[PDB]
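Coming up is one lone chain in C-alpha cells, specifically the form deposited in one PDB entry.
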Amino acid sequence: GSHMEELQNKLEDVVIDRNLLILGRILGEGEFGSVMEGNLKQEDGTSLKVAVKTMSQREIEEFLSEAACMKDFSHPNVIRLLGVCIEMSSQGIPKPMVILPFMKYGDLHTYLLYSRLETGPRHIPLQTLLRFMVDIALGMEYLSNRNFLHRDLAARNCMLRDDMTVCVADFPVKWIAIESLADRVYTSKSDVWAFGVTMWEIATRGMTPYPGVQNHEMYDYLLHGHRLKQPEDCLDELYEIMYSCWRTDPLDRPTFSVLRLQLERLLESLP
C-alpha cells in the first residue's frame, strides 16, 4: 500500500554509501557508543563536515526504519538526519552509524555552562535564553503535529546550529513526568513535562534539576506536589509557563503549540 510504499522510499533515501564517508577523530565516547568528526562527499562533488554517532537483523531493521522516519522530518528546529551507514565489526557485530551536521557550537547544555566562564560565550541575555525556548517549542510543536514522541528531551539533547538556532535532537529520572514514573506510560504531555524541565535548565543556565533531591526520592517528591523552584531572575510569567508543564494531570498541561505562542508573546514584550 501507500504506507508500505512511503516507508520503502524513506528507506532508500536514508542510507549513505560507506565510501562517501570518511571518519576522523573521536569527540566523545561512552557505554552507548561514540561521536566522531567526519566528512561526507555530497551529490555536488564537494565534501561536508559531519558528526557521526556510532551505537539481531530485526534490531538493524528497527534502526533503519526509525532513521528512515527521522530523516523525513523537515523543520529548522528539528535536527536534520543526513543519513545512516551500517559498518560491520571484525567479530561480525553490526555497527550502525548516524550521520548528522557538524555543529561547532555543540549541545545547548554545555553551551550554557561555558557562558558562565570567561573564555566561553558572553553572558547570555534573558531575550536569547527565551529565544532558545521558543526554538525548542517550535521543533517540539512540529514533532507533536506528526504524533512523534521525543522521549528524551533535555538541554543536552538540543543542538545549536551555526546561526544560533536551537534544534531538538537525539530522539534520566529528573526529566520524567509523574505519570511515566508511576504507570510507565508516556504521551505528548510527558514530552511537555520534559520541556518544562528543559526550560528550567535554560533559565538556570545549566543547573541540574532539583538541587538537594536525589533520583530515588523523585517520585515521592513529586507525589507530595513539589516542583522545580523558580530560578533567580526568571520572569514570573516565564515561571508560570514552565509550571503549567508540570500539572499533575497530563490533560491540564498545555500543548506545545500553546506553549510556543505563550513564549513568543513573552519574548515580543521584552525591550
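Residue positions are given as counts along the sequence shown, with the first one as 1.
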Residue 92: gap in at least one third of other compared structures: yes
Unmodelled stretch of the deposited sequence separating residue 148 from residue 149, binned as none, 1 to 3, 4 to 9 or 10 or more: none
Deposited residues lacking coordinates between residue 55 and residue 56 (none, 1 to 3, 4 to 9, 10 or more): 4 to 9
Residue range whose averaged C-alpha B-factor is higher in the record, 109-117 or 80-88: 80-88
Residue stretch of maximal mean CA temperature factor, 124-132 vs 152-160: 124-132
Most elevated Cα B-factor in the entry, residues 193, 186, 142, 102: 186
CA B-factor placement of residue 181, once the chain's modelled residues are sorted into thirds: highest
Third assignment of residue 63 from its chain's C-alpha B-factors: middle
Third of the chain, ranked by Cα B-factor, where residue 208 sits: lowest
CA B-factor ranking of residue 230, expressed as a third of its chain: lowest
Where the record places residue 70 (Cα B-factor, split into thirds across the chain): middle
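The following text describes the form deposited with a small molecule bound, which does not appear among the structures shown.
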Heavy atom within 4.5 Å of the small molecule in the deposited bound form - residue from 51, 40, 228, 242: 51
Proximity to the small molecule in the deposited bound form, single hit among 138, 169, 192, 178 (heavy atom within 4.5 Å): 169
Residue stretch of 192-200, 101-109, 87-95, 122-130 approaching the small molecule in the deposited bound form, non-hydrogen atom distance within 4.5 Å: 101-109
Heavy atom distance at most 4.5 Å to the small molecule in the deposited bound form, all of 27, 79 and 159: yes
is_contact(residue 35, the small molecule) in the deposited bound form, heavy atom dist at most 4.5 Å: yes
